[PDB]
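Student: this is the structure alone, sequence omitted:
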Ligand SMILES: C[C@H](OC(=O)CCCN)c1cccc2c(-c3ccc(CS(C)(=O)=O)c(Cl)c3)c(C(=O)O)[nH]c12
Ligand SMILES: [Zn+2]
Ligand SMILES: [Zn+2]
């Protein structure tokens, strides 16, 4: 009943983890450049429907996600938000779009996904283009903290449960490096994390884009590992 780790999930299977009432994470694994990585997303109950945050990193993983949701929860996924343009966030959007899910991302994410050759969410989320912006989306708040892991990364807060989903701007406590920094801004990242800390001081659970949830310490730890990576 502990949170599931990379070696416990074969590539292609998806597990769900109950975070709070009406809030789950989803965990899947994928191969990239010859190594296997876990990744997280979020599911938030929206009355008799579900809001999905992020794909399960690939088409077959995302199909498996939908099946796992049907088995474990049994409510329809009606909308999905992708929190940046990388394949661990948008790979699977075409599966979602063929299963009746309306897919959303910021215009910045949509442009970057298109330029990269990744799958492209259908609908643009306006109101998020300046750092510190926040908008409501069903049962969550979407927040743009500034450039961090990527220039487009969004953060999601579930106010009913004080759950902060940091996405790939936030690392797990065991991390020793800042993950895949190919598209990152290591210089701005600590400032962006500080904006998150200031905006969401009552967060009780913090979920990283990859690895184990914890508390607010994940934010400071992230700042620490990024500053040492830049060095
Ligand atoms: C699909 C994604 O592509 C990119 O990001 C740039 C693609 C450029 N064409 C990706 C592919 C493969 C791996 C990742 C990782 C990752 C996460 C955690 C760790 C452990 S640790 C202790 O370093 O935190 C590591 Cl090693 C990597 C992350 C992330 O950091 O969000 N994104 C990853
Ligand atoms: Zn990424
Ligand atoms: Zn990531």
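Tutor: Noted; the coordinates are in hand. Numbering: from 1, shown residues only. Ligands and ions are numbered 1, 2, ... in the order given.
Student: got the contact list for the closest residue to residue 122 other than its chain neighbours?
Tutor: Of all residues not flanking residue 122 in the chain, residue 103 sits nearest, at 4.9 Å (Cβ to Cβ, 6 or more residues apart in numbering). The way it works is simple: take the backbone N, C-alpha and C, and place the C-beta from them, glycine included. With contact set as Cβ atoms under 8 Å, 6 or more residues apart in numbering, residue 103 has these partners: 79-80, 82, 93, 96-97, 121-123.
Student: following element in sequence after the helix or strand containing residue 103, please.
Tutor: For residue 103, the host element (DSSP states H and E) is strand 102-105. Downstream of strand 102-105, the first helix or strand assigned by DSSP H and E is helix 107-116.
Student: just to revisit the earlier point, how far away is the residue nearest to residue 122 from residue 93?
Tutor: To residue 93, residue 103 is 5 Å away according to Cβ to Cβ, to the nearest Å.
Student: now tell me what touches stretch 1-8 from outside.
Tutor: 15, 17, 27, 29, 36-38, 212-213.
Student: show me which positions of that stretch end up buried.
Tutor: 3-4, 6 (16 or more other Cβ atoms under 10 Å).
Student: leaving out sequence neighbours, find the closest residue to the residue nearest the centre of the chain.
Tutor: In the chain, the residue lying closest to the centroid (Cα atoms, centre = their mean) is residue 167, at 3.6 Å. Excluding its sequence neighbours, the residue lying closest to residue 167 (Cβ to Cβ, 6+ apart) is residue 83, at 4.1 Å.
Student: distance of the one you found from ligand 1?
Tutor: Computed as Cβ to the nearest ligand atom, to the nearest Å, the residue 83 to ligand 1 distance reads 10 Å.
Student: spell out which residues of this structure are next to ligand 3.
Tutor: Neighbours of ligand 3 within the chain, by Cβ under 5 Å from the ion: 88, 168, 209.
Student: out of those residues, who's the most crowded?
Tutor: residue 88 (28 neighbours; other Cβ atoms under 10 Å).
Student: ok, that one - contacts?
Tutor: Applying Cβ under 8 Å, 6+ apart, we find residue 88 in contact with 30, 37, 39, 54-55, 57, 168, 209-210.
Student: that one belongs to a helix?
Tutor: Yes. Looking at residue 88 with DSSP: H, G, I helix; E, B strand; the rest coil, it is inside a helix.
Student: buried sites along the helix or strand residue 39 falls within?
Tutor: Per DSSP H and E: residue 39 is located in strand 35-46. Neighbour-count burial for strand 35-46, with 16+ other Cβ under 10 Å as criterion, is recorded at 37-46.
Student: can you show me the helices along the chain?
Tutor: Here the chain has its helices, by DSSP state H, at 59-72, 87-90, 93-98, 107-116, 189-199, 217-230.
Student: out of those, which is closest to residue 150?
Tutor: helix 107-116 (7.6 Å; Cβ to Cβ).
Student: packing partners for that closest one?
Tutor: helix 87-90 (3 or more Cβ pairs under 8 Å, 6 or more residues apart in numbering; DSSP states H and E).
Student: phi, psi of the residue in the chain positioned nearest to ligand 3?
Tutor: Nearest residue of the chain to ligand 3: residue 168, at 3.4 Å (Cβ to the ion). Backbone torsions of residue 168, given as degrees, to the nearest 10, read phi -80, psi -10.
Student: how about the nearest residue to it once chain neighbours are set aside, what does it touch?
Tutor: Nearest non-adjacent residue to residue 168, counting by Cβ to Cβ, 6+ apart: residue 209, 3.4 Å away. Neighbouring residues of residue 209 by Cβ under 8 Å, 6+ apart: 39-40, 54, 83, 88, 149, 166-171, 179.
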